[PDB]
Amino acid sequence: XXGXXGXXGXXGXXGXXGXXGXXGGXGXXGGXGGXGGXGXXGXXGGXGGXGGXXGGXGXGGXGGXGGXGXXXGXXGXXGXX
Amino acid sequence: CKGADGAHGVXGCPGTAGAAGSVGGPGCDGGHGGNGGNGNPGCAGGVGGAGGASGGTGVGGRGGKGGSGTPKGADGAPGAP
């Protein structure tokens, strides 16, 4: 199976991001993404997303991460396969 | 500002569903739903994703466009204001 993923985001500032996911179809794989969000406090957060890819049974998915605050952020990447 | 859009679906049997758009962050509009994937011959098309709800602006994301196929997928709901 596979596909799905995505969502995440949230928080405020700052916050935001998430997204990504999807891909899959074909023989499956993909998904992932999401995360991001965060912020609050002194601001920052965000990022996440990524994931996706798949369809060919290379894997795909991953991504996410991000979030946190100050600070925080990054994440994303993954996908492909 | 606006939330992340949902991943577009991809072609297959059936075409995959578009993902719902992300909710807007505080003060932001909703993300758009992904379009539905198109179906190969004899296969259904995917549904469009729902638009994401607004983050207080009154502007929800658009529903994704349904994929064509046998039969075609529906468009997604727009996001709540």
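The numbering shown runs from 1 along each chain in the order of its written sequence and may not match that of the entry; residues for which no coordinates exist are omitted. To read the labels, note that chains go from A and ligands from 1, taken in the order they are written. Neither water nor hydrogens contribute to the side-chain values; these are computed over all heavy atoms in the structure. Residues with missing side-chain atoms are left out of burial classes, side-chain pairs and their counts.

As recorded in the entry header, the structure was determined using X-ray crystallography to a resolution of 1.20 Å.

*Asks:* Can you walk me through the overall build of chain A in this structure?
*Replies:* Within chain A, the secondary structure is distributed over zero helices and zero strands. At 13 Å, chain A has a C-alpha radius of gyration in line with the 12 Å of a compact globule built from 81 residues. The C-alpha extent of chain A, read off along each of the three principal axes, is 45 × 15 × 10 Å. Pairs at least 24 apart in sequence give 58% of the contacts found in chain A among residues at least 6 apart. Helix and strand assignments follow DSSP, with helices taken as H or I runs no shorter than four residues and strands as E runs no shorter than two, numbered in order from the N terminus. For the radius of gyration, the atoms used are the C-alpha atoms, and the globule rule reads 2.2 Å times the number of residues raised to 0.38. Only heavy atoms enter the contact rule, under which two residues are in contact if any of them lie within 4.5 Å.

*Asks:* Before we go on, may I ask you to explain the pattern of salt bridges in this structure?
*Replies:* Salt bridge criterion: a side-chain nitrogen from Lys or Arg within 4 Å of a carboxyl oxygen from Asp or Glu. Measuring nitrogen to oxygen at the nearest pair gives 2.7 Å for the salt bridge that ties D5(B) to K2(B). Note that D75(B) is salt-bridged to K65(B), the shortest N-O span being 2.9 Å.

*Asks:* Teacher, can you tell me more about the state of the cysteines here?
*Replies:* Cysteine pairs can be linked by a disulfide, which is a covalent bond between their two sulfur atoms. Residue and element names in this part refer to chain B. When two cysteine sulfur atoms lie within 2.5 Å, the pair is treated as a disulfide. Each sulfur in the disulfide pair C1 and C28 lies 2.1 Å from the other. The disulfide joining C1 to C28 has a torsion of about -90° about its S-S bond and is therefore left-handed. The disulfide partner of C13 is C43, and the gap between their sulfur atoms is 2.0 Å. Here the S-S torsion is close to -85°, and the disulfide linking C13 with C43 is therefore left-handed. Taking only the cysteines that form disulfides and numbering them from first to last, chain B has the pattern 1-3, 2-4.

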